[PDB]
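Next up: just one chain, as structure tokens, the form deposited in one PDB entry.
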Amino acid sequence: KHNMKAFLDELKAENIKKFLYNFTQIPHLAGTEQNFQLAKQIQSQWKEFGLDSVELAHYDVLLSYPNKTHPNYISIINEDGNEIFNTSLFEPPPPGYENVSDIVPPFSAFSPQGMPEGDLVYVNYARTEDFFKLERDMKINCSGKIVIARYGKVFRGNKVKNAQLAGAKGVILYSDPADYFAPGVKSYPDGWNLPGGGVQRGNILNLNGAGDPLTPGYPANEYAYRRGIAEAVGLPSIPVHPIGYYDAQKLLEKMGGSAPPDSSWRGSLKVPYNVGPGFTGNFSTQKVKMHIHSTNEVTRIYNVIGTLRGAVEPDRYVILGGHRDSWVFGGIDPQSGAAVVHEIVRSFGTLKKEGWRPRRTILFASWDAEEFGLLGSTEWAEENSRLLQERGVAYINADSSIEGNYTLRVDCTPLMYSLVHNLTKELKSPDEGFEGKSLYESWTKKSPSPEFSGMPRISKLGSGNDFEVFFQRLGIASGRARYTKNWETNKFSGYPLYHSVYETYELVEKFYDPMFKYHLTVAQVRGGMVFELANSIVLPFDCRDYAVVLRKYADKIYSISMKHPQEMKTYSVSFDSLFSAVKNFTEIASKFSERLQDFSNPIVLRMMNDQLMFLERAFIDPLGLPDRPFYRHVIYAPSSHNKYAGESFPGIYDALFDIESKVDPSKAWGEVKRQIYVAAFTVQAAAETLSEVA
């Protein structure tokens, strides 16, 4: 028999291990020859594995690279202009790789060039609330200062945007051991912690979904018209550079001015964590000087796109996608995900060679340039948006399969909650102590739902990965799953060796998943999801689960507004329309579910499958959110303060945020009311797609 069990049993931990080793021997930086060679290898193997067609889709996009003959670094500079301390020019390479070439040194991709010199201000994690505390409570002015900020908590591009709007002239990002050194574990090569010479690479763009900075809205193909650099989307205006904690210690130890306002501002280094501006009396005349010489360059990137044509509904696409480009060796990020995808393709191809085809078409993608802003997935989606709009059932992402070894982590649309619960009840837990128990059971025990007893936690989708264009721009039901750690407050900060040269095959094989059983479990969850989506006769979406969360989000946004009762009285701010819409959605979704269970008629079925597929689509507003035209979903958007986190009712949330500080309250509350109207209208309109059609 060719059923899900057949598919799942064909998946092998040993194959995932072999592929991970194969993908992590050399760096695969986007836009380099090594990454094009790997693209061609994947294309060849996917063909051999049995896919119907496998093509490369290429685009020419803006990328950013250090200057190989003019290195980036930071100095402390004395009175006469002597550089008395310099940060490192590279991370000490790990054992056995000290002769690997083409390791890109640490840098902040898309930083402009410059050599700003000035006094430091320490800004904690450079969050919106950190800058509020500095400016509003401590009365510290960042204008013309170099800001130094620890990585963690929020996406680094939000830190840089926040520093820019505070008037900083440069930003120094560093990894504090408080956030990147787990107590009781040794530094790499002897454990999974970050060494003091380790540094986290990463882009610092604020693209808000646009894709290639030069071609927002349209694919960066051969004849594309490109914006000039000055009109490009999302580029920072001040130099930025990341460093390790040995270097950070040197920059922070001399800091003077005000003490940290409280303990949540102190990391684990043996320094005071003074906010400054500048150094204590004796060194008051020393300054910090950045030297940044990276260049932005239009460069070709390559996505691999494989197709397994559906036997019954070939014009319905279920997509499994994840990226292939890495900062250096990509031992976790992305190759632990890419190896999982490779073994999924292999398993589907085995069934296919025995005569099976899925009901719907499955597209597999190896995206390029994810690390430079989701560029490959986004340009491809821009090129194919009409096909995806009218045919896309679902998108399952497949970046890193592991960031820990504790339990499952799933973020998805409410439409997939039931599918995930059901699938996980049928899979074996890989966890010690849960042998012979289901994955659902271990996951629910280790990660309890905050709302419901006997259910696991499933989070909203944010952004910072390749599902963004499919979900937030195009309104295609999306999900992601991986194995994760038990470190709640580190949820968005990365595992310690994130985007460092130390993220290697050996890291994974020695410290994370020596038996590749967590990888295998993730392959079963991602592959199982794709299988059910592509093969179930009725699409495995439950609209009633959206109704439940919509009520939760409506209660939440109302509660935020109700912190301002006088203003809601003055400006007649009512949430009645939104609750009415949610109530109607709940009622109509209940009735639709009855019909779906109560309906041999392929037209009624497909009519109903189209209602299910277009339901996520109905939450899209073609006008986008305010000043973010590529974030079009009215229920979910990446937080304006942290791209990694999702926000619900984002248009109303942003209208309410810090509203007590707005100069014209009439205008500000008017915009809250506008956003309430838009949300109520969109929820009612989405509900009406589930009504009987005629």
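Shifts are known only where both forms have a C-alpha. When you see a residue number, it is the position in the sequence shown, counting from 1. Here, rigid core means the biggest group of C-alpha atoms that superpose within 1.5 Å across both forms.
Can you count the deposited residues that have no coordinates between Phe599 and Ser600 and report it as none, 1 to 3, 4 to 9, or 10 or more?
Going from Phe599 to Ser600, the model skips 1 to 3 residues of the deposited sequence.
For the higher mean C-alpha B factor in the entry, choose 139 to 147 or 563 to 571.
If you average the C-alpha B-factors of 139 to 147 and of 563 to 571, the larger mean comes out for 139 to 147.
If you take the mean CA temperature factor per stretch, which one wins between 475 to 483 and 455 to 463?
Result: 455 to 463.
When you compare the CA B-factors of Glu117, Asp315, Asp212, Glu468 as listed in the entry, which one comes out on top?
Spelled out: the listed residue with the top C-alpha B-factor is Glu117.
At the C-alpha atoms, which of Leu387, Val530, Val345, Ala168 reaches the highest B-factor in this entry?
By C-alpha B-factor in the record, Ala168 ranks first.
Is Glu33 in the lowest, middle or highest third of its chain when residues are ranked by C-alpha B-factor?
Ranked within chain, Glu33 CA B lands in the middle tercile.
Split into thirds by Cα B-factor across the chain's modelled residues, where does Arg674 land: lowest, middle or highest?
For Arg674, whose C-alpha B-factor we compare with every modelled residue in the chain, the answer is the lowest third.
Would you mind checking where the Cα B-factor of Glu55 ranks among the modelled residues of its chain, as the lowest, middle or highest third?
Answer is middle: the recorded C-alpha B-factor places it there.
Within this chain's modelled residues, let me know which third the CA B factor of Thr424 belongs to: lowest, middle or highest.
Middle third of the chain for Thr424's C-alpha B-factor.
Per the entry's values, where does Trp356 land by CA temperature factor relative to the rest of its chain, in the lowest, middle or highest third?
CA B-factor rank for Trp356: highest third.
Below, we refer to the form deposited in another entry, which is not included among the displayed structures.
Which residue moves between this form and the one not shown, judged by a Cα shift of 2 Å or more on the rigid core: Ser572, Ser101, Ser559, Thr489?
It is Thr489; the other listed residues stay below 2 Å.
Please say whether the CA atoms of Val634 and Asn490 come closer or move farther apart in the other entry, knowing the change relative to this form is 3 Å or more.
More distant in the other entry, by 3 Å or more.
Closer or farther apart in the other entry, the C-alpha atoms of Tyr273 and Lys491, for a change of 3 Å or more?
Result: closer.
Which bits shift between this form and the one not shown if the core is lined up, counting only runs of three or more residues where every C-alpha moves 2 Å or more?
The run that moves is 487 to 494, and no other.
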